[PDB]
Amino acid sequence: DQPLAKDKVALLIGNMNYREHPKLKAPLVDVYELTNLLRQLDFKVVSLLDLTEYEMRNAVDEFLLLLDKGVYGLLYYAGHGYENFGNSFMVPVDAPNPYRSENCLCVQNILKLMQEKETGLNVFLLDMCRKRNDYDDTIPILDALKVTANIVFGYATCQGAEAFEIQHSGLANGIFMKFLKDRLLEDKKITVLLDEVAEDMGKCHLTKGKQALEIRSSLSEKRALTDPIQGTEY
């Protein structure tokens, strides 16, 4: 009756040095912090910065190869992003200006690939803006996903809105990680943990009325990032 993970695997990407878009600063520190925390929780973590489209697709293929039945998979992305028709896209550092969906990675496609590996848990922490891309002509018509009841999204912000870091950030985390880092070690279902983070963020004066954590979850079982890995000693 303690839920267990077959393994715990994470991919973390922070994109900052954009060639054709405004540069960001905080993804480095955000990625560094979440790497440390997830290693404390016994994840195998790949953590990568300033990825071109090609490097992003390679990194997710490598991450996919580490997933299997019952494995807890987590993806964290800090950098530019957008959202068209409910699909979220991550923008690589070599994106042209303007750019379309074909220059970017679609998070929903990654989730489909993860479900094909029969993971026990799928977590996406998307620390990026979610406004429309006007130049993106195209339409999804993606296939419906299976009902696996094990999917949690923690979006740094709401659809059509922006996610933030502190101007000339230096050492400061972006807003999402500022609050996430103080709760991530808790031994609570990831859904509930993210809900507490949503509440903490709501006390932040800088972002009132412009950024709010959105949780989207179909996770039915009481799964947590602290769950022990099967066959080790807890």
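Sequential numbering from 1, following the sequence displayed.
Averaging the C-alpha B factors as listed in the entry, name the stretch that ends up higher: 105-113 or 143-151.
In the deposited entry, the stretch with the higher C-alpha B-factor mean is 143-151.
Check the entry's C-alpha temperature factors for 84-92 and 154-162, then say which stretch has the higher mean.
That would be 84-92.
Just grab whichever of 168, 189, 57, 39 has the top CA B-factor as deposited.
Answer, based on the entry's C-alpha B-factors: 168.
Per the PDB entry, which option out of 204, 180, 48, 28 has the greatest Cα B factor?
So the option with the highest C-alpha B-factor is 204.
Per the entry's values, where does residue 122 land by CA temperature factor relative to the rest of its chain, in the lowest, middle or highest third?
Within its chain, residue 122 is a lowest-third residue by C-alpha B-factor, going by the deposited values.
Sorting by Cα B-factor within the chain, modelled residues only, which third would residue 17 end up in: lowest, middle or highest?
Highest third, going by the recorded CA B-factors of the chain.
Grab the CA temperature factor for residue 222 from the record and place it in the lowest, middle or highest third of its chain.
For residue 222, the deposited C-alpha B-factor lands in the highest third.
Relative to the other modelled residues of the same chain, rank the CA B-factor of residue 131 and answer lowest, middle or highest third.
Its C-alpha B-factor belongs to the middle third of this chain's values.
Relative C-alpha B-factor of residue 33, binned into the chain's lowest, middle or highest third:
Tercile = lowest for this residue's CA B-factor.
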